[PDB]
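Engineer: Sharing target_10.txt here; it has compact mmCIF, N, CA and C atoms.
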# COMPACT_ATOMS: atom_id res chain seq x y z
N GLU A 26 57.06 120.98 17.72
CA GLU A 26 56.95 119.82 18.60
C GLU A 26 55.81 119.99 19.58
N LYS A 27 55.61 121.21 20.09
CA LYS A 27 54.48 121.44 20.98
C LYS A 27 53.17 121.26 20.25
N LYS A 28 53.11 121.67 18.97
CA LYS A 28 51.89 121.43 18.19
C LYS A 28 51.64 119.95 18.01
N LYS A 29 52.68 119.19 17.68
CA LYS A 29 52.54 117.74 17.55
C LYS A 29 52.02 117.12 18.84
N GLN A 30 52.61 117.49 19.97
CA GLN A 30 52.21 116.88 21.24
C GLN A 30 50.80 117.31 21.63
N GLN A 31 50.45 118.57 21.37
CA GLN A 31 49.10 119.04 21.67
C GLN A 31 48.07 118.28 20.84
N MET A 32 48.36 118.07 19.55
CA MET A 32 47.45 117.29 18.73
C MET A 32 47.39 115.85 19.19
N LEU A 33 48.51 115.31 19.69
CA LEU A 33 48.49 113.95 20.20
C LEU A 33 47.58 113.81 21.41
N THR A 34 47.61 114.80 22.31
CA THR A 34 46.72 114.74 23.47
C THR A 34 45.28 115.06 23.07
N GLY A 35 45.09 115.84 22.01
CA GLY A 35 43.74 116.15 21.57
C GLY A 35 43.07 114.98 20.87
N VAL A 36 43.85 114.21 20.11
CA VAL A 36 43.31 113.05 19.39
C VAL A 36 42.65 112.09 20.37
N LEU A 37 43.42 111.58 21.32
CA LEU A 37 42.89 110.63 22.29
C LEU A 37 43.42 110.88 23.69
N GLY A 38 44.44 111.71 23.85
CA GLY A 38 45.24 111.63 25.05
C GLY A 38 46.18 110.46 25.03
N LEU A 39 46.63 110.06 23.84
CA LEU A 39 47.53 108.93 23.69
C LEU A 39 48.79 109.13 24.52
N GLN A 40 49.34 108.03 25.00
CA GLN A 40 50.57 108.08 25.76
C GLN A 40 51.77 108.12 24.81
N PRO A 41 52.88 108.72 25.25
CA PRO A 41 54.07 108.77 24.39
C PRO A 41 54.51 107.40 23.90
N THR A 42 54.24 106.37 24.70
CA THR A 42 54.51 105.00 24.27
C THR A 42 53.80 104.68 22.96
N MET A 43 52.59 105.21 22.78
CA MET A 43 51.90 105.02 21.51
C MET A 43 52.33 106.06 20.49
N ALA A 44 52.84 107.20 20.96
CA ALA A 44 53.40 108.18 20.03
C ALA A 44 54.60 107.61 19.30
N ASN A 45 55.33 106.70 19.94
CA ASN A 45 56.49 106.09 19.30
C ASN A 45 56.10 105.07 18.24
N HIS A 46 54.83 104.69 18.17
CA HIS A 46 54.39 103.69 17.21
C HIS A 46 54.59 104.21 15.79
N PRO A 47 54.93 103.33 14.83
CA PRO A 47 55.23 103.83 13.47
C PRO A 47 54.07 104.56 12.81
N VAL A 48 52.85 104.03 12.90
CA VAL A 48 51.71 104.69 12.29
C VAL A 48 51.55 106.09 12.87
N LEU A 49 51.77 106.24 14.18
CA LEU A 49 51.79 107.57 14.76
C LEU A 49 53.01 108.35 14.31
N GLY A 50 54.20 107.76 14.42
CA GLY A 50 55.42 108.45 14.04
C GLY A 50 55.41 109.04 12.65
N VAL A 51 54.61 108.47 11.74
CA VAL A 51 54.58 108.97 10.37
C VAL A 51 53.47 110.00 10.19
N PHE A 52 52.37 109.84 10.92
CA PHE A 52 51.19 110.65 10.66
C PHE A 52 51.07 111.88 11.55
N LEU A 53 51.66 111.86 12.74
CA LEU A 53 51.69 113.06 13.57
C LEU A 53 52.24 114.28 12.84
N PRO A 54 53.30 114.19 12.03
CA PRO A 54 53.73 115.38 11.27
C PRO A 54 52.69 115.86 10.28
N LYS A 55 51.91 114.97 9.67
CA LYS A 55 50.88 115.41 8.73
C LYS A 55 49.68 115.98 9.48
N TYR A 56 49.39 115.43 10.66
CA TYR A 56 48.33 116.01 11.48
C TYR A 56 48.78 117.33 12.10
N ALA A 57 50.08 117.61 12.07
CA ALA A 57 50.55 118.92 12.50
C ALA A 57 50.16 120.00 11.50
N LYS A 58 50.30 119.72 10.20
CA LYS A 58 49.94 120.70 9.19
C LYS A 58 48.44 120.66 8.94
N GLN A 59 47.68 120.66 10.03
CA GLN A 59 46.22 120.71 10.05
C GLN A 59 45.77 120.74 11.50
N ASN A 60 44.46 120.85 11.73
CA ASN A 60 43.85 120.95 13.05
C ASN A 60 44.11 122.34 13.63
N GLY A 61 44.96 123.12 12.97
CA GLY A 61 44.95 124.55 13.21
C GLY A 61 43.74 125.20 12.58
N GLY A 62 43.17 124.55 11.57
CA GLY A 62 41.91 124.95 11.00
C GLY A 62 40.75 124.45 11.83
N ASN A 63 39.54 124.86 11.45
CA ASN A 63 38.32 124.51 12.18
C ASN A 63 37.85 123.08 11.97
N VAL A 64 38.70 122.22 11.39
CA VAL A 64 38.23 120.99 10.77
C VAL A 64 37.42 120.12 11.73
N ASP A 65 38.07 119.53 12.74
CA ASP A 65 37.39 118.68 13.72
C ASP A 65 38.42 118.10 14.67
N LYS A 66 37.92 117.50 15.75
CA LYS A 66 38.75 116.59 16.53
C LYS A 66 38.38 115.14 16.25
N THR A 67 37.11 114.88 15.96
CA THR A 67 36.65 113.51 15.72
C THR A 67 37.22 112.93 14.43
N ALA A 68 37.40 113.77 13.42
CA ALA A 68 37.93 113.29 12.15
C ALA A 68 39.30 112.67 12.33
N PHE A 69 40.12 113.25 13.20
CA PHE A 69 41.46 112.72 13.42
C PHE A 69 41.40 111.38 14.14
N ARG A 70 40.47 111.22 15.08
CA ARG A 70 40.31 109.93 15.73
C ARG A 70 39.94 108.86 14.72
N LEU A 71 38.94 109.13 13.87
CA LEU A 71 38.55 108.13 12.89
C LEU A 71 39.66 107.86 11.88
N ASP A 72 40.40 108.90 11.50
CA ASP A 72 41.53 108.71 10.59
C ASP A 72 42.57 107.80 11.21
N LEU A 73 42.93 108.05 12.47
CA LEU A 73 43.87 107.17 13.15
C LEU A 73 43.33 105.75 13.23
N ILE A 74 42.02 105.61 13.45
CA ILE A 74 41.41 104.29 13.51
C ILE A 74 41.65 103.55 12.20
N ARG A 75 41.24 104.15 11.09
CA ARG A 75 41.31 103.44 9.82
C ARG A 75 42.75 103.25 9.36
N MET A 76 43.65 104.17 9.69
CA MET A 76 45.04 103.97 9.32
C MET A 76 45.70 102.88 10.15
N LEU A 77 45.49 102.90 11.47
CA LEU A 77 45.98 101.82 12.31
C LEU A 77 45.43 100.48 11.84
N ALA A 78 44.19 100.47 11.37
CA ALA A 78 43.62 99.25 10.83
C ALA A 78 44.31 98.81 9.54
N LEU A 79 44.48 99.72 8.58
CA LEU A 79 45.24 99.41 7.37
C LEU A 79 46.62 98.86 7.70
N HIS A 80 47.25 99.38 8.74
CA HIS A 80 48.59 98.92 9.10
C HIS A 80 48.59 97.45 9.48
N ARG A 81 47.59 97.01 10.24
CA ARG A 81 47.58 95.65 10.78
C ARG A 81 46.72 94.75 9.91
N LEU A 82 47.24 94.37 8.75
CA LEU A 82 46.65 93.32 7.94
C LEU A 82 47.62 92.15 7.89
N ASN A 83 47.43 91.20 8.81
CA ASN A 83 48.28 90.02 8.90
C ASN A 83 48.29 89.23 7.60
N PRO B 770 25.51 100.93 -8.25
CA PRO B 770 24.29 100.29 -8.77
C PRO B 770 23.84 100.86 -10.11
N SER B 771 23.88 100.00 -11.13
CA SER B 771 23.42 100.33 -12.47
C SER B 771 21.91 100.21 -12.55
N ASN B 772 21.37 100.17 -13.77
CA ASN B 772 19.94 99.95 -13.98
C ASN B 772 19.48 98.65 -13.33
N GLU B 773 20.19 97.55 -13.60
CA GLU B 773 19.78 96.24 -13.12
C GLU B 773 19.85 96.15 -11.60
N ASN B 774 20.96 96.60 -11.01
CA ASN B 774 21.11 96.48 -9.56
C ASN B 774 20.21 97.45 -8.80
N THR B 775 19.97 98.64 -9.36
CA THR B 775 19.00 99.56 -8.78
C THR B 775 17.60 98.96 -8.78
N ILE B 776 17.22 98.34 -9.91
CA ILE B 776 15.95 97.65 -10.03
C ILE B 776 15.84 96.52 -9.01
N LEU B 777 16.90 95.73 -8.83
CA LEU B 777 16.84 94.60 -7.90
C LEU B 777 16.76 95.08 -6.45
N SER B 778 17.44 96.19 -6.14
CA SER B 778 17.36 96.78 -4.80
C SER B 778 15.94 97.23 -4.49
N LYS B 779 15.30 97.90 -5.45
CA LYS B 779 13.92 98.30 -5.27
C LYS B 779 12.98 97.10 -5.25
N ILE B 780 13.33 96.02 -5.97
CA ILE B 780 12.54 94.79 -5.96
C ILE B 780 12.49 94.21 -4.56
N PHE B 781 13.64 94.11 -3.89
CA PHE B 781 13.64 93.60 -2.52
C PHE B 781 12.89 94.54 -1.59
N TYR B 782 13.28 95.82 -1.59
CA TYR B 782 12.79 96.80 -0.63
C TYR B 782 11.32 97.15 -0.81
N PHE B 783 10.73 96.88 -1.97
CA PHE B 783 9.31 97.14 -2.15
C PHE B 783 8.46 95.89 -2.28
N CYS B 784 9.04 94.71 -2.50
CA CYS B 784 8.22 93.52 -2.64
C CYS B 784 8.55 92.43 -1.63
N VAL B 785 9.82 92.08 -1.46
CA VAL B 785 10.15 90.83 -0.79
C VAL B 785 10.14 91.01 0.72
N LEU B 786 10.98 91.93 1.20
CA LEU B 786 10.92 92.33 2.60
C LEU B 786 9.57 92.90 3.06
N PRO B 787 8.82 93.70 2.28
CA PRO B 787 7.48 94.10 2.77
C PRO B 787 6.49 92.95 2.93
N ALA B 788 6.34 92.09 1.92
CA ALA B 788 5.32 91.05 1.98
C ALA B 788 5.65 90.00 3.03
N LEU B 789 6.92 89.63 3.14
CA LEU B 789 7.32 88.70 4.19
C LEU B 789 7.37 89.36 5.56
N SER B 790 7.53 90.68 5.61
CA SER B 790 7.55 91.36 6.90
C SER B 790 6.15 91.50 7.48
N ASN B 791 5.16 91.74 6.62
CA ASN B 791 3.78 92.06 7.00
C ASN B 791 3.74 93.28 7.93
N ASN B 792 4.34 94.37 7.45
CA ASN B 792 4.40 95.68 8.11
C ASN B 792 5.05 95.64 9.49
N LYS B 793 5.92 94.67 9.76
CA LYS B 793 6.51 94.51 11.08
C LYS B 793 7.88 95.15 11.22
N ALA B 794 8.49 95.58 10.13
CA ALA B 794 9.85 96.09 10.18
C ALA B 794 9.89 97.49 10.79
N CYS B 795 11.08 97.86 11.24
CA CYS B 795 11.43 99.24 11.55
C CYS B 795 12.68 99.59 10.75
N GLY B 796 13.01 100.87 10.68
CA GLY B 796 14.22 101.22 9.99
C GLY B 796 14.71 102.62 10.28
N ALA B 797 15.97 102.72 10.69
CA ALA B 797 16.51 103.98 11.20
C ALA B 797 18.02 103.85 11.34
N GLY B 798 18.63 104.83 11.97
CA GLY B 798 20.08 104.86 12.11
C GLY B 798 20.52 104.88 13.56
N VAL B 799 21.64 104.20 13.82
CA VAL B 799 22.36 104.26 15.08
C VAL B 799 23.11 105.58 15.13
N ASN B 800 23.69 105.92 16.28
CA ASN B 800 24.38 107.19 16.40
C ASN B 800 25.68 107.18 15.61
N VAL B 801 26.01 108.35 15.08
CA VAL B 801 27.16 108.51 14.22
C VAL B 801 28.45 108.81 14.97
N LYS B 802 28.38 109.14 16.25
CA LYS B 802 29.55 109.55 17.01
C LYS B 802 29.93 108.59 18.11
N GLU B 803 28.93 107.93 18.72
CA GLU B 803 29.20 107.05 19.83
C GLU B 803 29.84 105.75 19.37
N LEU B 804 29.64 105.39 18.10
CA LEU B 804 30.44 104.32 17.52
C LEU B 804 31.91 104.70 17.43
N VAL B 805 32.19 105.96 17.07
CA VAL B 805 33.57 106.44 17.01
C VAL B 805 34.18 106.47 18.41
N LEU B 806 33.36 106.81 19.40
CA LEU B 806 33.82 106.78 20.78
C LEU B 806 34.07 105.36 21.27
N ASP B 807 33.26 104.38 20.83
CA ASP B 807 33.54 102.98 21.15
C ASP B 807 34.84 102.51 20.52
N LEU B 808 35.10 102.94 19.28
CA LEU B 808 36.37 102.61 18.65
C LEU B 808 37.52 103.20 19.46
N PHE B 809 37.37 104.46 19.88
CA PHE B 809 38.37 105.13 20.72
C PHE B 809 38.54 104.44 22.07
N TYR B 810 37.47 103.85 22.60
CA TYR B 810 37.57 103.09 23.84
C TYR B 810 38.38 101.81 23.63
N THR B 811 38.26 101.19 22.45
CA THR B 811 39.08 100.01 22.13
C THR B 811 40.52 100.39 21.78
N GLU B 812 40.73 101.57 21.21
CA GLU B 812 42.05 101.92 20.67
C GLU B 812 43.19 102.21 21.65
N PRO B 813 43.03 102.82 22.87
CA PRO B 813 44.21 103.46 23.48
C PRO B 813 45.29 102.50 23.96
N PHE B 814 45.07 101.21 23.90
CA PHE B 814 46.11 100.25 24.18
C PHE B 814 46.75 99.73 22.89
N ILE B 815 48.08 99.84 22.80
CA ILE B 815 48.77 99.66 21.52
C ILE B 815 49.71 98.43 21.55
N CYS B 816 49.75 97.70 22.65
CA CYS B 816 50.62 96.52 22.78
C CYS B 816 50.22 95.45 21.77
N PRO B 817 51.18 94.71 21.21
CA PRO B 817 50.84 93.71 20.19
C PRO B 817 50.09 92.50 20.74
For this file, produce the structure as structure tokens.
Structural biologist:
Amino acid sequence: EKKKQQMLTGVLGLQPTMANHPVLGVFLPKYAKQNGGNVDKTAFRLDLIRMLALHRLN
Amino acid sequence: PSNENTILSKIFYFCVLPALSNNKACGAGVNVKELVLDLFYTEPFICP
């Protein structure tokens, strides 16, 4: 849980109110099993961008 | 881009845009990270 929350603050500093969002609620566990590597911080921001976008297709 | 579409891309980029431009064009890239930061500036509010 501390890893999840640390990655949440690293991504954007998102508020827990946005942590409760479904796109976050599903992807934070997958972002937990990563970012322990050297990968990036920016990649996760762009990933959240495009996934949040995929989610909102009216 | 296949043979035809590659040919047409080079047709524009070497004939149509040059002759109508008369050497007036520029061409380059915007920053690769500050666009991501602008997206992040739009993102942190999640209300519908």
Engineer: Kindly assemble as a Markdown table a list of the chain A residues that lie within 8 Å of chain B, each paired with its nearest atom pair and their distance in Å to one decimal, using all atoms listed in the file, sorted first by chain and then by ascending residue number.
Structural biologist:
| residue | atom | partner | partner_atom | distance |
| --- | --- | --- | --- | --- |
| A:37 | CA | B:809 | CA | 7.3 |
| A:38 | C | B:813 | CA | 7.4 |
| A:39 | CA | B:813 | CA | 6.4 |
| A:40 | N | B:813 | C | 6.9 |
| A:42 | C | B:815 | CA | 7.3 |
| A:43 | CA | B:815 | CA | 6.2 |
| A:67 | CA | B:805 | CA | 7.8 |
| A:70 | C | B:805 | CA | 7.2 |
| A:71 | CA | B:805 | CA | 6.7 |
| A:74 | CA | B:808 | C | 7.2 |
Engineer: I need the residues of chain A that end up classed as alpha helix (DSSP H) by DSSP on the backbone, written out as an MDAnalysis selection string.
Structural biologist: chainID A and resid 27:36 41:44 47:57 67:80
Engineer: Work out how far atom CA of residue B:804 is from atom N of residue B:775, in Å to one decimal.
Structural biologist: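 Between atom N of residue B:775 and atom CA of residue B:804 the gap is 29.4 Å.
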Engineer: Go ahead and compute the interatomic distance for atom CA of residue A:77 and atom N of residue B:798, in Å to one decimal.
Structural biologist: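 These two atoms are separated by 27.5 Å.
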Engineer: Find the distance between atom CA of residue B:791 and atom CA of residue B:779 and write it in Å to one decimal.
Structural biologist: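 Computing the Euclidean distance for atom CA of residue B:791 and atom CA of residue B:779 yields 17.1 Å.
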Engineer: Mind rebuilding stretch 792-809 of chain B with N, CA, C and O atoms and writing that out as a short mmCIF file (atom, residue, chain, number, x, y, z; two decimals), in the frame of the given file?
Structural biologist:
data_model
loop_
_atom_site.label_atom_id
_atom_site.label_comp_id
_atom_site.auth_asym_id
_atom_site.auth_seq_id
_atom_site.Cartn_x
_atom_site.Cartn_y
_atom_site.Cartn_z
N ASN B 792 4.34 94.37 7.45
CA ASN B 792 4.40 95.68 8.11
C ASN B 792 5.05 95.64 9.49
O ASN B 792 4.76 96.50 10.34
N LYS B 793 5.92 94.67 9.76
CA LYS B 793 6.51 94.51 11.08
C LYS B 793 7.88 95.15 11.22
O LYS B 793 8.38 95.24 12.34
N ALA B 794 8.49 95.58 10.13
CA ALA B 794 9.85 96.09 10.18
C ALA B 794 9.89 97.49 10.79
O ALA B 794 8.89 98.19 10.88
N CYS B 795 11.08 97.86 11.24
CA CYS B 795 11.43 99.24 11.55
C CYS B 795 12.68 99.59 10.75
O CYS B 795 13.34 98.71 10.20
N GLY B 796 13.01 100.87 10.68
CA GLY B 796 14.22 101.22 9.99
C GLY B 796 14.71 102.62 10.28
O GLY B 796 13.97 103.59 10.09
N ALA B 797 15.97 102.72 10.69
CA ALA B 797 16.51 103.98 11.20
C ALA B 797 18.02 103.85 11.34
O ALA B 797 18.61 102.86 10.90
N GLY B 798 18.63 104.83 11.97
CA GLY B 798 20.08 104.86 12.11
C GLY B 798 20.52 104.88 13.56
O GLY B 798 19.88 105.49 14.41
N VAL B 799 21.64 104.20 13.82
CA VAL B 799 22.36 104.26 15.08
C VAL B 799 23.11 105.58 15.13
O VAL B 799 23.15 106.32 14.13
N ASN B 800 23.69 105.92 16.28
CA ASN B 800 24.38 107.19 16.40
C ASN B 800 25.68 107.18 15.61
O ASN B 800 26.36 106.15 15.49
N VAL B 801 26.01 108.35 15.08
CA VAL B 801 27.16 108.51 14.22
C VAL B 801 28.45 108.81 14.97
O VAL B 801 29.53 108.71 14.38
N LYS B 802 28.38 109.14 16.25
CA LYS B 802 29.55 109.55 17.01
C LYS B 802 29.93 108.59 18.11
O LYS B 802 31.13 108.46 18.43
N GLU B 803 28.93 107.93 18.72
CA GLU B 803 29.20 107.05 19.83
C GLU B 803 29.84 105.75 19.37
O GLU B 803 30.56 105.10 20.14
N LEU B 804 29.64 105.39 18.10
CA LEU B 804 30.44 104.32 17.52
C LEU B 804 31.91 104.70 17.43
O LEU B 804 32.79 103.87 17.70
N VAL B 805 32.19 105.96 17.07
CA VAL B 805 33.57 106.44 17.01
C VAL B 805 34.18 106.47 18.41
O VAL B 805 35.37 106.18 18.60
N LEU B 806 33.36 106.81 19.40
CA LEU B 806 33.82 106.78 20.78
C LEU B 806 34.07 105.36 21.27
O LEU B 806 34.99 105.13 22.06
N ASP B 807 33.26 104.38 20.83
CA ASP B 807 33.54 102.98 21.15
C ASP B 807 34.84 102.51 20.52
O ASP B 807 35.59 101.74 21.13
N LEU B 808 35.10 102.94 19.28
CA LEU B 808 36.37 102.61 18.65
C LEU B 808 37.52 103.20 19.46
O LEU B 808 38.46 102.49 19.79
N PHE B 809 37.37 104.46 19.88
CA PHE B 809 38.37 105.13 20.72
C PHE B 809 38.54 104.44 22.07
O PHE B 809 39.63 104.47 22.64
#
